[PDB]
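Observations on chain architecture
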Number of protein chains: 4
Amino acid sequence: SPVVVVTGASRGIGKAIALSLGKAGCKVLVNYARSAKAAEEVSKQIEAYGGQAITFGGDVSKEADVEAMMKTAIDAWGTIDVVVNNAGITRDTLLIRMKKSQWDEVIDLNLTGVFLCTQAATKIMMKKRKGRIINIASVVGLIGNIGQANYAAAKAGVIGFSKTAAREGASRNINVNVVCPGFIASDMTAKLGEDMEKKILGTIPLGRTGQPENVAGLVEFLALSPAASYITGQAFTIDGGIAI
Amino acid sequence: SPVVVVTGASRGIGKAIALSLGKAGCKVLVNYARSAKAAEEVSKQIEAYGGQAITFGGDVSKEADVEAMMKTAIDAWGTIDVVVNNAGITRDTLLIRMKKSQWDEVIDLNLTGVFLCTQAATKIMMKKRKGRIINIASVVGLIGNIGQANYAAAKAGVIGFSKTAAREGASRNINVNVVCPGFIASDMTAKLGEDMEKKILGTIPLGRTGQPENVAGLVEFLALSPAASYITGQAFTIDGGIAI
Amino acid sequence: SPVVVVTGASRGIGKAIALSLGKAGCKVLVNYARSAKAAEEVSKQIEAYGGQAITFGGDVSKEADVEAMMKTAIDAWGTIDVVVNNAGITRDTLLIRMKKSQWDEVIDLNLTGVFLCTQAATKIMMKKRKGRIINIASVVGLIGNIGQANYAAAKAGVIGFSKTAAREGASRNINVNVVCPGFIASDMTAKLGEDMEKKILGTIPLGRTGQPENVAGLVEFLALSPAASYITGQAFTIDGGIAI
Amino acid sequence: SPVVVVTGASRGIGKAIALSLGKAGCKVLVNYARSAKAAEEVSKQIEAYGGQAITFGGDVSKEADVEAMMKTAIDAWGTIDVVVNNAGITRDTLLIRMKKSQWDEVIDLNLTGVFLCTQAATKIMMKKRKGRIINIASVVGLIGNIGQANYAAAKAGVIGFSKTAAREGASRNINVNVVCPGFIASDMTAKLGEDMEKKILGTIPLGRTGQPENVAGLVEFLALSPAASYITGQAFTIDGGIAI
Ligand SMILES: NC(=O)c1ccc[n+]([C@@H]2O[C@H](COP(=O)([O-])OP(=O)(O)OC[C@H]3O[C@@H](n4cnc5c(N)ncnc54)[C@H](OP(=O)(O)O)[C@@H]3O)[C@@H](O)[C@H]2O)c1
Ligand SMILES: NC(=O)c1ccc[n+]([C@@H]2O[C@H](COP(=O)([O-])OP(=O)(O)OC[C@H]3O[C@@H](n4cnc5c(N)ncnc54)[C@H](OP(=O)(O)O)[C@@H]3O)[C@@H](O)[C@H]2O)c1
Ligand SMILES: NC(=O)c1ccc[n+]([C@@H]2O[C@H](COP(=O)([O-])OP(=O)(O)OC[C@H]3O[C@@H](n4cnc5c(N)ncnc54)[C@H](OP(=O)(O)O)[C@@H]3O)[C@@H](O)[C@H]2O)c1
Ligand SMILES: NC(=O)c1ccc[n+]([C@@H]2O[C@H](COP(=O)([O-])OP(=O)(O)OC[C@H]3O[C@@H](n4cnc5c(N)ncnc54)[C@H](OP(=O)(O)O)[C@@H]3O)[C@@H](O)[C@H]2O)c1
């Protein structure tokens, strides 16, 4: 039974991921920041399924919280096999009106946070000479998007970072890959607001917004599949056709 | 039970693919060109497993053979759900000594053949408003490789072609993706010869050549997964770190 | 004074390229297939400018014509410094209605022709331990386009091919790069017809179709610049924002 | 005469860029952080050439300094036509031993600094409905590199950011492109130390390290060429063959 750490597992994509790895019987550390109750329900579901779960409230943009989150999984089970860096937020605004704080917040969490988590997981994984790290980026990091210079910067940064992380870990058998989802129905997407959501829908060749379960399916393949042990330093896009 | 057509399924990657989709209980048309006996054994294995199989000898670079191959699956089962365009060959030589026939043969099979197969599958899939097409390319189509201008051209061509194929089929719900494998141990690779095979091995970050089963695993995800229904027009690389 | 061979130099982009390299004083072989008169006028203009020019009617999809075209420049001047593989055509149609002849014609010229020309130039360039080859592809080879599976395949193929060509020539100091233009106003584009041309115009972030001179400017940099001697195996896109 | 602002113009690439745009007669704001004397000499050279120059000491990772740097060019000449975001540093170390301060410093300058500069230039350029922004990234942002997770993250981030910047500015006719150099002989590269520099040299197909003038040549094309007005949201690589 693999030990999986999923950041931002209380809602949306991270939650679908957590439930799916639980249903496959993994030991899952469900991290949350503010949604304690929602994480607990996730833990309970994983359990009803036969997986094992421990909830952990911590801000992944803070080193202390990150070192603590890893410690909790290691104290509970003996190691960490997989880490899915999913936590993220948006602070949308045209480049011309963007406040430095809007830039910093997105960068601190979405980019630096992924660095902290990856670094922490890696030190543990090096010793065991095995592990998998999956970072959730976005198609926006690839093809940009109006009103999202901050988010685009952070997501693109996750990709360049994951590639070096892949190179450094190759020696100790640690796979590092990135998943780039397109428009997925979640709370993050509910914020851009309906008339806009519809607008985006005519932009998607497959004419359908993706579901959190769609991403989880792909993450599950990368995390558990024996085949995926030969995949590193790559970005995998599930976007229904946007970034063709 | 999905009906899957796999070209070049008598040996290497196509065979691993055929066996794996059979073990999952699909109805598999195992195509072969010259290895009749080896295809039959594949058919038998699929059967021992509980999948269904029909062997079909045909050259996929010929329209007639292609239209015939599709007909045989349609006469047998009622439709085709998935087509995996795997058949391919190499005719290596420096650009400076390359004969037009060495260029043509690689192009006719590896590129035009994929066009023929995709076109044929698509006409059938459009009517049913559903289907998945997976084309096997190569990392060489992405980053080139000395002694393989012909193969690089054809493989890169498969990618551009698959992207348009993805756009045209999006409307009728047909997913088209490409898989780009790195060095995989097979008969194709056995031909470059040992001292060379070793040389290539120090070029692979994960320090391991891939196995046909590694590719099959990924193809199986793309062919069968509900998650993969949201993936189109993308190239997926399994190369142990070469093309990072 | 560099000797430059430009294929398809009688009209559109190839012509703008020919005129611009002539105005910079190069010796230019202006190739044409059917537009003899238009090539002659190009030759005359180059001359009025102070460059030197020789017209050559030949089909670049034929080996004989290609070997002949190279011979003519070599007999005239002592060598070839730059080759710009520009000749190309389109045979648009949905994948579902595409005749094999429509596929073949686009592939024979746009892909194989580039192989023939590059191969011929390379054998000459290897001996001199210097040279530059610039292949004109298209943004379509990168992001696909409905109604152009053939063209997309050929253009993408040009890219993979150019990358291997770059690797093989690196040793003898031969640079090989690709230029990918977006929508450029020319006879090729006049064929898609007005209501369509307007439609495409709202797709271009810079809201302007490109001009043949725009491409020539970039080709001139790659062909003549001392800086461009450090650039190989790359694709350069001038598309006013389509493929961001 | 275009007004060009070049960040980090006292040494290496930024300096070659400054000299070259000066020799073409632009008005150049040469920014520096600590090398006041070296910037002055650059200013003098530009002048001996017939260009115009004003030196400006400021840290481009600070908003105040950035707003001040723009003000100085605007007070001097009436506007800004081109901004080249060149300033950058490295803080190399394996991911496993990387201090948060080593991460932050590289991110603050190389990524956030580019945001500050681009934002400032853009507000000015929007009003004039014209301008060009060229951000210097690195091939490392594309293909990663051991010991440089921080730098790779920042450089990749510059690319995603530049793409959104391109989209937002398209409307007001502002071009935004990125240049990705490979190994260039400069003080930045002198720091990795000789036995390493030699090692890297056998990795370069063209078997030559690039020169600051090579990058300047390409930047000059993008900054001044009428042709480059049709180029946006793209990354241009000069790396002698590394990232093929
Ligand atoms: N939705 C899309 O269309 C789309 C497209 C591409 C990529 N993505 C990416 O997918 C990931 C999740 O997508 P989403 O749509 O699922 O968003 P969401 O519904 O808003 O969920 C974000 C999650 O992040 C957690 N979180 C926020 N700040 C955190 C912090 N400082 N530390 C630790 N956890 C934190 C939240 O937990 P609490 O509520 O408990 O605080 C929450 O579970 C993000 O990386 C997002 O960028 C989404
Ligand atoms: N091996 C690698 O490292 C690698 C890396 C990247 C991509 N790939 C690709 O993977 C696919 C298969 O790999 P491989 O290594 O499996 O090669 P392989 O062991 O040589 O098998 C090639 C297969 O193609 C079939 N075939 C050949 N010509 C055909 C034709 N004209 N029509 C129909 N079927 C034909 C052969 O069947 P018969 O013997 O019955 O004639 C055989 O089953 C190819 O597309 C290859 O390019 C391989
Ligand atoms: N126009 C665009 O928007 C666009 C976008 C991307 C790429 N491109 C590419 O740019 C190149 C030229 O563009 P274009 O728009 O300039 O097209 P064009 O105006 O139709 O000109 C094509 C040229 O090719 C020559 N040619 C045709 N067949 C030939 C053959 N078999 N052998 C030798 N020369 C031949 C023609 O010469 P003759 O008339 O004398 O026969 C003509 O000068 C092509 O590779 C095209 O794919 C164009
Ligand atoms: N060298 C390469 O191989 C290579 C490869 C790819 C990309 N690049 C990029 O090229 C750019 C320059 O390359 P380089 O090799 O030229 O480096 P360099 O020789 O070390 O020069 C860096 C420059 O940045 C300036 N600078 C440093 N910190 C600054 C700050 N906070 N604010 C404003 N200016 C600052 C320095 O000025 P002062 O000394 O006056 O403080 C100096 O002129 C960087 O973005 C680097 O990443 C270089």
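Along every chain, residue numbers run from 1 in sequence order, not necessarily as the entry numbers them; residues that have no coordinates are omitted. Chains carry letters from A onward and ligands carry numbers from 1 onward, assigned in written order. Here the side-chain values reflect all heavy atoms present in the structure, with hydrogen atoms and water set aside. Residues with missing side-chain atoms are left out of burial classes, side-chain pairs and their counts.

**Some points on the side chain of C:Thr232**
Note the threshold: Counting from the N terminus, the helices are the DSSP runs of H or I reaching at least four residues and the strands are the DSSP runs of E reaching at least two. The criterion used for residue contact is that any of the two residues' heavy atoms lie within 4.5 Å.
Looking at where C:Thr232 falls in the secondary structure, it is placed in the loop between α9 (212–224) and β7 (235–238). If sequence neighbours within four positions are ignored, C:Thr232 has contacts with C:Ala166, C:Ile174, C:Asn175, C:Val176, C:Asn177, D:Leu206, D:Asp239, D:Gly240, D:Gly241 and D:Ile244.

**Examining the site of ligand 3**
Residue and element names in this part refer to chain C. The criterion, for reference: If even one non-hydrogen atom of a residue comes within 4 Å of a molecule or strand, that residue is called near it. Here a polar contact means two N or O atoms within 3.5 Å. Within protein one must be a hydrogen donor candidate and the other an acceptor candidate, and residues neighboring in sequence count only if both atoms are side-chain atoms. Here the accessible surface of atoms and residues is derived via Shrake-Rupley with a 1.4 Å probe, and residues count as covered only by protein chains that are part of the display.
In the vicinity of ligand 3 there are 30 residues, among which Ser 10, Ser 35, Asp 59, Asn 86 and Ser 186 approach most closely. In the environment of ligand 3, an oxygen atom lies 3.0 Å from a nitrogen or oxygen atom belonging to the backbone of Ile 13. Bound to the protein, ligand 3 loses 93% of the 910 Å² it would expose on its own. Mapped onto the shell around ligand 3, the elements with two or more residues apiece are α1 (12–23), β2 (27–32), α6 (149–170) and α7 (187–190).

**Some points on the site of ligand 4**
Residue and element names in this part refer to chain D. Note the threshold: When residues are grouped by polarity, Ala, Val, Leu, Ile, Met, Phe, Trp, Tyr, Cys and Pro land in nonpolar, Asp, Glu, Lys and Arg in charged, and all others, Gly among them, in polar.
Around ligand 4 sit 30 residues in total, of which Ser 10, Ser 35, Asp 59, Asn 86 and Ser 186 are the nearest. Interatomic distance of 3.0 Å between a backbone N/O atom of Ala 33 and an oxygen atom of ligand 4. Measuring from an oxygen atom of ligand 4, one finds a side-chain N or O atom of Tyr 151 at 2.8 Å. Relative to its unbound accessible area of 890 Å², ligand 4 is 93% covered by the protein chains. Taken together, the elements giving at least two residues each to the shell around ligand 4 come down to α1 (12–23), β2 (27–32), α6 (149–170) and α7 (187–190). When residues in the shell around ligand 4 are grouped by element, the largest group, three residues, is from α7. Each residue belonging to the shell around ligand 4 can be placed in one class, and the counts come to 13 nonpolar, 12 polar and five charged.

**Quick look at the interface of chain D and chain A**
Applicable threshold: The buried area of a pairing is the accessible area, by a 1.4 Å probe, that goes missing from both parts when the two are put together, added over both. The salt bridge criterion pairs a side-chain nitrogen of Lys or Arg with a carboxyl oxygen of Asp or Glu, the two atoms within 4 Å.
Counting residues at the interface gives 37 residues for chain D and 37 residues for chain A. Here chain D and chain A share an interface that buries about 3,100 Å² over both sides, 68% of which is from carbon and sulfur atoms. Counting across the chain D and chain A interface gives zero salt bridges. Our enumeration of links across chain D and chain A arrives at 12 residue pairs in polar contact. Those elements giving two or more residues to the side of chain D that touches chain A turn out to be α4 (100–128), α5 (140–143) and α6 of chain D. Considering only residue class, the side of chain D that touches chain A consists of 19 nonpolar, 13 polar and five charged.

**Observations regarding the pairing of strand β6 (residues 174–181) of chain C**
Residue and element names in this part refer to chain C. Note the following rule: Exposure classes here rest on a 1.4 Å probe applied to the protein chains alone. A residue is buried below 20% of its type maximum, exposed above 50%, and partly exposed in between. Strands are labelled as partners when DSSP assigns at least two bridges between them.
Counting buried residues in β6 gives eight out of eight residues, a clear majority hidden from the surface. Of the two faces of β6, the one carrying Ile 174, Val 176, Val 178 and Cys 180 and the one carrying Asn 175, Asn 177, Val 179 and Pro 181 are both buried. Where strand β5 (residues 131–136) meets β6, six bridges bridge the pair, whose relative direction is parallel. Residue pairing in the sheet places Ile 136 in a bridge with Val 179 of β6. Relative to β7, β6 is paired through four bridges, and the arrangement is parallel. For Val 178, the partnering residue across the bridge sits in β7 and is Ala 235.

**What to know about the packing of aromatic side chains**
Under the convention used in this document: Pairing of aromatic rings covers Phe, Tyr and the six-membered ring of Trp, with a centre-to-centre limit of 6.5 Å; geometry is then stacked below 30 degrees between planes, edge-to-face above 60, and tilted otherwise.
Counted by the stated rule, this structure contains 16 aromatic pairs over all chains. Here the aromatic rings of A:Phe236 and B:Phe236 are separated by 5.1 Å at their centres, their planes lie at 70°, and the arrangement is edge-to-face. Of this pair, A:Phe236 sits in strand β7 (residues 235–238) while B:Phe236 is found in strand β7 (residues 235–238), placing the two residues in two different chains. Grouped by ring-pair contacts, the aromatic residues A:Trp103, D:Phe115 and D:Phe161 constitute a single cluster.

**Some remarks on the UniProt feature "binding site: substrate" in chain A**
Residue and element names in this part refer to chain A. Here is the rule: UniProt positions are given in the numbering used here, feature names are shortened, and annotations may be inferred rather than shown by experiment.
The feature "binding site: substrate", as given by UniProt, occupies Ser 138 in the numbering adopted here. By relative accessible area, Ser 138 is classed as buried at 6%. Once residues lying within four places of it in the same chain are set aside, the contact partners of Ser 138 are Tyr 151, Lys 155, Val 179, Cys 180 and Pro 181. A distance of 3.0 Å separates a polar atom in the side chain of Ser 138 from the backbone nitrogen of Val 140.

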